[PDB]
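Protein chains in written order, with full-length UniProt numbering: chain A, 11 to 198; chain B, 5 to 116, 127 to 300; chain C, 5 to 173; chain D, 197 to 261; chain E, 131 to 259; chain F, 7 to 192, 221 to 300.
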Amino acid sequence: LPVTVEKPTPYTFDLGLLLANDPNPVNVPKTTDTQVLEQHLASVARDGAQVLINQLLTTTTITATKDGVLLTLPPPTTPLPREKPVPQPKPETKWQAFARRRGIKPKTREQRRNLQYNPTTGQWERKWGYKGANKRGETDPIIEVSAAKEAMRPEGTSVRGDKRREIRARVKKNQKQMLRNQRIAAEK
Amino acid sequence: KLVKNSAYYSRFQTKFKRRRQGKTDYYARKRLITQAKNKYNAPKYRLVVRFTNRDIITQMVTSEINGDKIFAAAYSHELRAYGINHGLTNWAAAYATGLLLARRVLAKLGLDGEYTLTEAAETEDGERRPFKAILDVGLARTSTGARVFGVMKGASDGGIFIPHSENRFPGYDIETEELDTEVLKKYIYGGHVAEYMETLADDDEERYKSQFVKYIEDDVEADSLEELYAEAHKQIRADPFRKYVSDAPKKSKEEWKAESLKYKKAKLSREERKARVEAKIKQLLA
Amino acid sequence: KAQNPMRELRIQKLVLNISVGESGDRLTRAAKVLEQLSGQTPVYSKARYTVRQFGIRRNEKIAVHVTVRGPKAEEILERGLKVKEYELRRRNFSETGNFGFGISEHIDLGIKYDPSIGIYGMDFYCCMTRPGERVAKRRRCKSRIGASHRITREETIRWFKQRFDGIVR
Amino acid sequence: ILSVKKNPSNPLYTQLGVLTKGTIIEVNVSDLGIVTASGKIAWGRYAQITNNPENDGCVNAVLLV
Amino acid sequence: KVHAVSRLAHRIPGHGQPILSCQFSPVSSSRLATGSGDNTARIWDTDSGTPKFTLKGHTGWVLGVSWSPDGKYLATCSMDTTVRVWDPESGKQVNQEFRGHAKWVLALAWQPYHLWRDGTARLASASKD
Amino acid sequence: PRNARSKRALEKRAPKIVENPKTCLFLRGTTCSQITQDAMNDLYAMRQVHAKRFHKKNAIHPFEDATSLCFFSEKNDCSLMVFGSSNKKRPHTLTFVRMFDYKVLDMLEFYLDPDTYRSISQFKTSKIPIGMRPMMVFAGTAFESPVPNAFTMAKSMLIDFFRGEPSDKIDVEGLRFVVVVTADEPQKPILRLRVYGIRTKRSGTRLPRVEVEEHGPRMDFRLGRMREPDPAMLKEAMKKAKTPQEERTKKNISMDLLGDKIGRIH
RNA sequence: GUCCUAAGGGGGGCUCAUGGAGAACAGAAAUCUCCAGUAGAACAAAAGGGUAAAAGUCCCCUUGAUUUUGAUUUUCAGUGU
RNA sequence: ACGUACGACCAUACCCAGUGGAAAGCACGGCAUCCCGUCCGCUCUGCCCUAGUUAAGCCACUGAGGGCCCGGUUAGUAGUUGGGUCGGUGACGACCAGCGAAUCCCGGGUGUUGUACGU
């Protein structure tokens with residue numbers, strides 16, 4: 011018994027999706043006999059599966075690894091629609107446009123690290139974040155206070171929250187700028 | 005107010021049947037069966053380990069769409085064929101059950127006409143790959159010295175590739191990150207149970223007799239457990255498919271069908287239900 | 005079927021509670037009282053919500069309790085009923101079969117007075133169960149205790165009568 | 197020498213590739229025969245220069261292991 | 131047909147010093163002998179990956195282990211100028227240690243089983259002297 | 007997206023150069039026959055890993071309004087939908103609906119033949135493991151029509167349904183189930227969906243002999259109502275993104291077998 | 001105005017708001033015990049079907065605060081490792 | 001047919017109560033040396049499978065009250081698109097069609113099923 015079939019029009023294959031297209035007509039018998047109908051359908055299915063396994067075992071590279079015997083498949087060729095549009099570059103923000111105009115180069119990853127060496131303590135510390143350098147002295151035992159600055163200081167406030175106040179102001183300004191950028195990008 | 009009203013019963017959404025029965029952790033099951041590092045379309049096997057009061061159940065399971073399939077199964081009550089009649093739920097019996105399942109899997113695979131596509135596409139530089147499966151403990155707590163790891167240790171010694179570490183074996187020391195293989199050997203050959211028998215025979219004779227009445231009745235001393243378990247391992251590795259018959263009553267399948275149908279209570283039909291409804295209506299009228 | 009040995013009433017757990025309501029030295033002394041009375045380390049309980057009237061805040065340790073099982077629970081319950089002269093009220097018993105009471109001083113129970121500690125009162129709560137309560141507590145195949153297996157108020161009162169020889173009013 | 201990873205004094209010195217004391221460089225360790233846990237061959241590692249090449253005429257380094 | 135080993139079966143600790151020699155039993159792979167620099171040799175049951183015996187008595191690094199061709203004896207040669215013969219099924223030393231080498235004993239060679247005569251076995255030990 | 011988990015969900019639902027495997031939502035209308043529910047169960051069993059199922063009744067007519075379908079695509083991140091319906095004109099209908107950018111790309115109705123439908127449980131054979139992608143065979147003359155029609159779009163939707171996950175390698179043991187769709191040009223032609231298991235037998239030759247055994251389900255459809263995509267949306271869906279690992283060929287620049295960049299002079 | 005071995009990740013255990021019945025102070029509201037509790041709590045988003053041996057809440061480990069390589073994609077580079 | 005272990009549908013399976021259960025298996029159970037974990041060996045973990053017991057879990061049957069699931073009817077009907085095609089200057093009134101409900105009502109039901117090992 012053979013393992014190769016003969017048809018007037020040859021099969022076409024897409025081994026990326028494990029797909030076989032048989033353009034020959036399926037001569038379905040014009041009867042109501044279910045078992046011979048399913049026999050003919052199973053014969054067509056058997057022919058398609060046979061030629062598909064033959065193509066996989068012949069035109070694909072076979073590699074035996076510890077996982078098992080693998081066939082290397084080509085990338086798929088049958089066109090199928092995407093579920094989402096192809097991503098596009100985001101619209102340039104105000105800073106990105108200004109840097110492109112002024113030739114401002116992006117900072118390197120080593121340069122933008124959250125780490126610096128404090129000489130006076132002789133230790134390594136963070137510039138920002140938890141226990142960062144931007145909040146230096148909020149937990150210090152003794153803080154020098156200027157007399158004029160303390161006189162101009164409002165009642166109830168202390169020197170220990172001035173750095174947090176400046177951080178809140180800078181965060182508010184950065185947040186307003188990024189909200190403006192998001193609104194402009196939404197309009198665009 | 006009544007919380008269990010018509011709105012509550014209509015809005016109520018039942019869980020899965022096995023979750024209601026408290027037998028399946030579906031959150032862990034989904035990651036066990038539908039998650040793979042590689043997408044090579046390969047079948048996956050799991051060693052399912054379960055424990056009862058009197059038995060240990062070990063199965064080799066694949067997951068299909070209409071229900072799971074059992075490739076091979078081993079039970080702790082089958083160790084009576086290999087000479088173990090007492091302590092069928094201890095850690096050594098867990099090891100023996102896992103070893104028996106591993107040997108049965110290898111014997112079924114032939115690693116101890128129709129043919130495979132692997133043999134069809136095998137190349138010249140091809141070697142035999144070990145059989146691989148993942149451990150399924152279910153709802154059991156995976157602590158140090160648990161018997162699910164004894165089953166897994168027995169199967170891995172028997173020849174099934176189960177990916178695992180050694181920090182949950184009995185004898186592992188957590189601060190030194192080392193495993194005491196003397197304690198592991200003692201647990202494999204049942205030295206913990208033997209030490210328990212000696213300690214009870216020295217301290218509390220009555221508790222010794224009550225706990226090990228079957229051991230004294232069958233004349234199984236503490237010092238014979240190591241040689242007994244090694245001897246049982248030798249026959250497990252020799253003949254993994256040895257038939258064992260129990261002391262339960264033996265009948266054929268049709269005889270058991272008749273015996274259970276004799277004790278079935280039949281469901282009453284529509285005519286009987288209508289007759290009972292009419293009788294209840296007549297009783298209410300009278 | 006009520007004569008089955010598996011339906012025998014027994015003490016599941018006795019819970020000893022002291023709610024001082026204020027964190028600090030009083031709570032630590034109550035914890036030490038619980039430790040010396042039971043033999044095991046107690047449990048500190050935190051306040052769930054904020055109540056300005058009671059002077060408590062959220063996540064503040066205000067109470068302490070110990071759960072005791074076995075014959076030690078029976079001994080402590082015997083001491084408590086010796087304090088309460090084996091007399092209880094029908095209000096004390098619940099419909100779930102559990103009961104409880106409370107004492108005003110730990111000294112009369114059998115502990116010598118220490119001026120460094122002081123005087124503390126306690127709440128005793130006894131929970132009753134029949135054999136078969138593992139079904140509703142075990143991790144695998146947890147289910148519901150059957151209706152016939154549940155312990156009623158009359159059953160636990162009758163058990164209290166026949167066991168502690170007490171009176172209910 | 198494969199590359200200069202970090203000159204401790206200045207990123208400009210790191211970019212220019214200056215070999216001084218304390219400099220972290222990347223070295224080819226094929227001859228040392230280092231195999232990773234996965235079976236891969238480690239052929240590039242980090243070394244710290246422990247001498248002054250400008251005064252000594254040679255570069256001496258210690259592997260960071 | 132022998133299939134290629136592809137994975138770790140068992141990693142068994144127990145030796146306090148680097149292992150200098152290893153050899154399986156000729157009967158089967160279930161018994162393995164390792165002689166190490168901790169002045170000892172060890173017999174391992176490899177089916178369960180467990181130790182079985184610890185042969186002690188040498189005062190130097192056990193430079194060689196060698197099973198008898200019938201498998202009933204194990205010979206260990208060490209840096210203490212001695213060769214010891216052990217019963218592997220009991221872990222006990224047979225007779226006394228062999229004396230007469232001036233320096234380090236480096237290699238052992240059992241006589242083949244078909245050449246044994248006079249109701250005894252012969253063992254050749256090659257030494258640094 | 008304050009939390010890292012919500013950020014992970016947003017990044018997973020974000021558009022990508024290479025897309026995630028498409029998710030299929032199985033849902034039914036107010037009227038849905040038991041045959042249609044069994045067919046939906048069989049299709050879910052075929053596609054368990056990348057599907058979600060609704061369990062309530064939805065008063066939605068898909069060819070009249072699809073705003074609720076767009077909302078469900080937005081919420082569940084599902085790009086395929088199988089919608090069950092029943093009616094006097096159409097007794098058992100499966101509406102295959104494909105999205106693009108959370109809007110309806112195309113729609114196609116299948117009418118089930120009820121007297122010939124066989125469930126998976128009615129075949130007493132070994133079944134497909136969970137997570138295994140089956141191979142596909144499309145047979146007949148109805149799939150190579152020069153004009154895009156209902157049969158071509160049905161072929162595209164069935165390919166996208168039984169596509170599974172893409173893979174550059176496959177184990178030879180994962181070539182054991184085949185899904186065959188047969189349809190012929192012509221009164222209405224019948225699209226027949228069958229699933230078979232594959233047995234291999236020695237034939238005295240290196241190539242094995244393939245033998246089939248019926249796995250189920252057995253489905254017969256008549257193609258029904260038809261919603262073609264918008265042209266611009268169709269080109270936007272058929273745009274093929276380029277992987278960053280796919281290099282652009284430069285003139286007279288190549289890479290040799292050792293990885294050195296090589297220039298060509300003339 | 002204060003406090004934090006930071007967030008995050010992984011694994012394990014537990015079930016919430018509320019109602020009823022009880023327990024010296026304790027009395028609508030403190031704590032504890034049982035029963036019933038589709039989530040009616042909490043966490044995110046803005047469901048027309050989010051989450052219950054969890055996506056909630058407590059324990060253990062990491063906390064290393066933005067790793068390495070790339071002949072590949074985009075942009076840039078008179079300081080092109 | 002019954003039981004157990006993994007399961008597929010995920011209430012026809014859920015909420016409440018009563019009755020029965022041969023065989024075996026589950027399960028309740030007994031003891032805390034070792035492994036292990038808690039305030040508490042309650043849970044988890046280890047050891048025993050001997051002894052008690054079907055009381056509960058589990059299974060089957062029944063009973064109400066709910067809930068839930070099918071099929072017909074509603075009904076090709078309301079409603080919505082169409083001068084669509086006839087009159088009406090037009091708007092619209094019929095007719096022709098395409099899509100197409102739900103309430104009410106009637107009848108039935110209160111779980112099927114795969115693998116493996118046993119009774």
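Virtual Cβ for every residue (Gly too), placed ideally from N, Cα, C.
- About 6 Å separates the Cβ atoms of C:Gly125 and C:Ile107, confirming a contact at the 8 Å cut-off.
- As summarised for the stretch 25-78 of chain F, the continuous beta strand (DSSP E) elements at least 3 residues long and confined to that stretch are 30-35, 57-64, given in chain order.
- Around the beta carbon of F:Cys38, 16 or more other beta carbons lie within 10 angstroms, which makes this residue buried.
- Per the coordinates, the alpha-carbon of C:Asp118 lies some 41 Å from the alpha-carbon of C:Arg138.
- Per DSSP, C:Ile161 lies in no beta strand (DSSP E) segment; the continuous alpha helix (DSSP H) that holds it begins and ends at 157-168.
- Minimum Cα-Cα distance from C:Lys116 among the listed residues C:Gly28, C:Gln40, C:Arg30, C:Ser27 corresponds to C:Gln40.
- Per DSSP, E:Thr206 is one residue of the beta strand (DSSP E) stretching across 204-208.
- In terms of CA proximity to D:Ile237, D:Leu228 leads the group D:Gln244, D:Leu228, D:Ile221.
- Comparing C-alpha distances from F:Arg228 to each of F:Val88, F:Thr188, F:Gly238 shows the shortest one belongs to F:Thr188.
- With respect to the 9 Å criterion, E:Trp191 and E:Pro181 are not classified as neighbours on the basis of their beta carbons.
- Residue environment: E:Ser208 is assigned as buried (16 or more neighbouring CB atoms within 10 Å of its CB, all protein chains considered).
- In the three-state reduction of the DSSP assignment, F:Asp254 falls in the strand class, which pools E and B.
- For the options B:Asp150, B:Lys41, B:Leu92, B:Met64, the alpha carbon positioned closest to that of B:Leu110 is the one of B:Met64.
- When CB distances to chain B are screened at a threshold of 9 Å, the residues of the stretch 144-170 of chain C falling below it are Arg144, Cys145, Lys146, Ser147, in chain order.
- Using a CB distance cut-off of 9 Å, B:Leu110 does not count as an interface residue toward chain A.
- Of all residues in the stretch 152-179 of chain B, only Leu153 come within less than 7 Å of chain C when Cβ atoms are compared, listed by chain position.
- Under the criterion of beta carbons closer than 8 Å, B:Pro47 and F:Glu179 qualify as touching, at roughly 6 Å.
- Residue ranges of uninterrupted beta strand (DSSP E) with 3 or more members, entirely inside the stretch 98-128 of chain C and ordered along the chain, are 103-107.
- The C-alpha of B:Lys34 lies about 40 Å from the C-alpha of C:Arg73.
- In this structure, DSSP gives F:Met267 a helical state, which the three-state scheme calls helix.
- F:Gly231 carries a strand assignment under DSSP once its states are collapsed to helix, strand and coil.
- Taking a C-beta distance under 9 Å as the contact criterion, A:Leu81 and A:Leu62 do not qualify as a contact pair.
- Looking at the DSSP output, E:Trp240 bridges to E:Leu253.
- Looking at the backbone, the Cα of C:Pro46 and that of B:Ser67 are separated by about 48 Å.
- Near chain A, meaning a CB-to-CB distance below 7 Å, the residues of the stretch 15-34 of chain F are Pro21, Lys22, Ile23, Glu25, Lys28.
- The beta-carbon of B:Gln297 is placed no less than 9 Å from the nearest beta-carbon of chain C.
- Assigned with DSSP and collapsed to three states, D:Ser199 falls in strand.
- Shown here, B:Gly102 sits in a helix according to DSSP, grouped into three states.
- With fewer than 16 other Cβ atoms from the protein chains shown falling within 10 Å of its own Cβ, B:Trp270 counts as exposed.
- The beta carbon of B:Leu51 does not come within 9 Å of any beta carbon belonging to chain F, so the residue lies off that interface.
- The way I'd put it, the stretch 9-16 of chain B doesn't touch the stretch 46-55 of chain A; fewer than three beta-carbon pairs between them come closer than 8 Å.
- Chain-order list of chain C residues neighbouring B:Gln63: empty, with the shortest C-beta distance near 17 Å, by a criterion of under 8 Å.
- Residue environment: D:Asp252 is assigned as exposed (fewer than 16 neighbouring CB atoms within 10 Å of its CB, all protein chains considered).
- Here the alpha carbons of F:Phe106 and F:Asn47 stand approximately 25 Å from one another.
- For F:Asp174, the closest of B:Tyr86, B:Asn42, B:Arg251 by C-alpha to C-alpha distance is B:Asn42.
- Counting along the chain, the unbroken beta strand (DSSP E) around E:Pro181 starts and ends at 180-185.
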